[PDB]
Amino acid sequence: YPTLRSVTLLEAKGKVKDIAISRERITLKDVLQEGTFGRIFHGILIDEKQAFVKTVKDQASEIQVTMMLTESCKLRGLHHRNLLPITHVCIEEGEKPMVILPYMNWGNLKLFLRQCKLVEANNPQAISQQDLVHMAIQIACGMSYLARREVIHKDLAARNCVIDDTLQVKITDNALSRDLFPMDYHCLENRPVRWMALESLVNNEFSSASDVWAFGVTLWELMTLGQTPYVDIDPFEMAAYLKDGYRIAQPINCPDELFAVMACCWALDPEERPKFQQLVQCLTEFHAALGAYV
């Protein structure tokens, strides 16, 4: 007869033990982001390579440190130029754990978009839709690699991407994202309500198709240079507003046809939304088109 139906810190350290190295090989330099308990450094790894380093403050509880480690593994063992998996950890007993990743020197994609948005204020015809779509293509190309391997990201958003000075984008794990971008998660459990498909909101169901819904919102983030979506909508009414057939407004200066792509991702029936592979194909076409037709 059956029964109807919790990770510990040591268990979480256990899952990363095979890429553990000694702290002494790590030199932290500047703090790039910081929240209530979490903190992202730019650091140096001696064989020197440059790295992101995720870590915690002294105020961090065992529960938060544990979820940092477990969430850091979302992308372990995957190898794709548009994915940023972790490469090492430091988990010595009695010390604050650190997660180590390859560095992307223009940092968080969302914070980067907003810095550009400040440029656009006094240079209005300065932003390149082709450049933005180039970012969208890469994101879809990494998601396609995840979706084909039945890996569900569940938190695709611009705040979980990074970009370097060659305009290459990589999707990251979401460790510390709730502590670093608290305004984007709501209790309605602390969830990215504004990026979530209606069926994830209502039934707690996640799939590549709900990943595709969040890609649609992430494409909207790109075309608005990082606008917080659904600012005028109370998170408790997000599901009701979606059921009544309402969607976010088309970004200014964004082609009708590209907005149609992101609307396609927000179909209520999950099986009507496109696949990431079709998205890669289509946005690729769009990239050439946005070069020739300004």
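In case it trips you up, residue 1 is the first one in the sequence shown, and so on.
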Pick one of none, 1 to 3, 4 to 9 or 10 or more for the number of deposited-sequence residues not modelled between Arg5 and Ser6.
4 to 9
Is there a break between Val119 and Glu120, and how many deposited residues does it span: none, 1 to 3, 4 to 9, or 10 or more?
none
Which is higher on mean Cα B factor in this entry, 143-151 or 119-127?
119-127
Tell me which stretch has the larger mean Cα B-factor in this entry, 279-287 or 16-24.
16-24
Deposited CA B-factor, highest of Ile233, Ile40, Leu69, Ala263
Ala263
Which listed residue, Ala157, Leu109, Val89, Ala136, has the largest C-alpha temperature factor in the record?
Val89
Within-chain third of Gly226 by Cα B-factor, per the entry:
middle
The third of the chain into which the C-alpha temperature factor of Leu188 falls is the highest
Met98: which third of its chain by C-alpha temperature factor?
middle
Should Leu78 be placed in the lowest, middle or highest third of its chain by the C-alpha B factor in the entry?
highest
Can you tell me whether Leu201 has a C-alpha B-factor in the lowest, middle or highest third compared with the other modelled residues of the same chain?
highest
